[PDB]
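Protein chains in written order, with the authors' numbering: chain A, 1035 to 1084; chain B, 1035 to 1147; chain C, 888 to 936.
Don't be surprised by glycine CBs; every beta carbon is placed ideally from N, CA and C.
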Amino acid sequence: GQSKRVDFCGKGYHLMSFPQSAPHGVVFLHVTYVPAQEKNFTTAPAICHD
Amino acid sequence: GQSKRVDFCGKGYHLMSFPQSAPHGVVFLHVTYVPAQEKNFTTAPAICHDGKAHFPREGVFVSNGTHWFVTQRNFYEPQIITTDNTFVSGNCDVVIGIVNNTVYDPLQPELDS
Amino acid sequence: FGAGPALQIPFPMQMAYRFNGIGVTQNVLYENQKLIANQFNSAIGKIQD
Ligand SMILES: *[C@@H]1O[C@H](CO)[C@@H](O[C@@H]2O[C@H](CO)[C@@H](O)[C@H](O)[C@H]2NC(C)=O)[C@H](O)[C@H]1NC(C)=O
Ligand SMILES: *[C@@H]1O[C@H](CO)[C@@H](O[C@@H]2O[C@H](CO)[C@@H](O)[C@H](O)[C@H]2NC(C)=O)[C@H](O)[C@H]1NC(C)=O
Ligand SMILES: *[C@@H]1O[C@H](CO)[C@@H](O[C@@H]2O[C@H](CO)[C@@H](O)[C@H](O)[C@H]2NC(C)=O)[C@H](O)[C@H]1NC(C)=O
Ligand SMILES: *[C@@H]1O[C@H](CO)[C@@H](O[C@@H]2O[C@H](CO)[C@@H](O)[C@H](O)[C@H]2NC(C)=O)[C@H](O)[C@H]1NC(C)=O
Ligand SMILES: *[C@@H]1O[C@H](CO)[C@@H](O)[C@H](O)[C@H]1NC(C)=O
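Right under this line is the structure:
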């Protein structure tokens, strides 16, 4: 599935995972989404119109 | 509560659960929703109206062979593709799989009469 | 396939669902499909290395 638990399946916003058998264990490859190239903007809670 | 954790409380999309006492333990009856009676359709990432690309808001584009509908991803409820169903995110040049079809305007027919 | 019968879906159209699941719209994936695929392949190769 896709998990919304934070840091449960990788550093970032979880996209998917892939299992791989390893000697006496399992290795998960976690594919996650990481933001980058942030930019500053001026924000406002609401906007007053008429 | 209702859990989104996969296979945590039953095989399927969790709906609810009922506890029952048992000797030295508990028994959970997990009531879950399981899809069934699948059907294959032709799908498209987006639909190209006049110089514009339309993506489904909450759903998926399918085709019954001739017409194109927008449905929900968990139950076949085909709906006519209108402006309220989709949203515009540019032109028909960067999406691979974009399909030409008409997006019916829900306001123009009433405005013209 | 883990919550019932397996329902086929194209992988770009499934990555669109998984982008929607994190708060990012579908057009972000669809317009940047080649870049996302290249990033995924490079990440897999770097994992191997
Ligand atoms: C957005 O603005 C913040 C400040 O509000 C910037 O933080 C500055 O970063 C520079 C470079 O490291 C520092 O010299 C300054 O002292 C920082 N300012 C403060 C108040 O801490 C931040 O870099 C800006 N982000 C972007 C992406 O431009
Ligand atoms: C722009 O913001 C100003 C400041 O809040 C608004 O001006 C007020 O308008 C009301 C209604 O006429 C007056 O009673 C207040 O005295 C005004 N405030 C000031 C400081 O002059 C104005 O209405 C806002 N414009 C819009 C279109 O929302
Ligand atoms: C695909 O669905 C469309 C829309 O429901 C079908 O077109 C309609 O078919 C019904 C049943 O024969 C007719 O009464 C309507 O007049 C049709 N509408 C139009 C606008 O032509 C279409 O037949 C379906 N195609 C297939 C292959 O099942
Ligand atoms: C969807 O419709 C567009 C309308 O622009 C088609 O693009 C035209 O295709 C013709 C035939 O190949 C070309 O001669 C024109 O130059 C194209 N016009 C533009 C503005 O690009 C497009 O091919 C159609 N798509 C499909 C799959 O039929
Ligand atoms: C069509 O759907 C059936 C289930 O109704 C599925 O088993 C079958 O694989 C599909 N046919 C294809 C993909 O050709």
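Skipping 5 residues on each side, what residues in its chain have a beta carbon closer than 6 Å to that of residue i?
i                 : result
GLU1092 (chain B) : none
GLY1044 (chain B) : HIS1064, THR1066
Show which residues of chain C have a CB atom less than 9 Å away from the CB atom of residue i.
i                 : result
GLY1035 (chain A) : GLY889, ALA890
With hydrogens ignored, establish whether the beta-carbon of residue i is closer than 8 Å to any heavy atom of ligand 3.
i                 : result
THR1136 (chain B) : no
In its own chain, which residues sit with a C-beta less than 8 Å from the C-beta of residue i, not counting the 5 before and 5 after it?
i                 : result
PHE906 (chain C)  : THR912, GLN913, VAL915, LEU916
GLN1036 (chain B) : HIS1048, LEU1049, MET1050
With residue i as the anchor, note down where its alpha helix (DSSP H) starts and where it stops.
i                 : result
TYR904 (chain C)  : 898-907
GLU1144 (chain B) : 1142-1145
If you follow the beta strand (DSSP E) that residue i is in, where does it begin and where does it stop?
i                     : result
residue 863 (chain C) : Residue 863 (chain C) is absent from the model: chain C starts at 888 and stops at 936.
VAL1060 (chain B)     : 1059-1067
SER1097 (chain B)     : 1094-1097
Just checking residue i against ligand 4 - is the residue's beta carbon closer than 8 Å to any of the ligand's heavy atoms?
i                 : result
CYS1082 (chain B) : yes
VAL1129 (chain B) : no
Does the beta carbon of residue i fall short of 8 Å from some heavy atom of ligand 5?
i                : result
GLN895 (chain C) : yes
Given that residue i touches chain C, what residues does it touch there, using C-beta distances under 7 Å?
i                 : result
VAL1065 (chain A) : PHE927
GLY1046 (chain B) : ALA890, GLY891
Going along chain A, which residues have a C-beta under 7 Å from residue i?
i                 : result
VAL1040 (chain B) : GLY1035
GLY908 (chain C)  : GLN1036
Against residue i, what residues of chain B qualify as contacts under a CB-to-CB distance less than 7 Å, listed in chain order?
i                : result
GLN913 (chain C) : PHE1089
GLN920 (chain C) : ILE1130
Below 7 Å CB to CB, which residues in the same chain sit around residue i once its five sequence neighbours on both sides are set aside?
i                 : result
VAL1061 (chain A) : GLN1054
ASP1118 (chain B) : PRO1140
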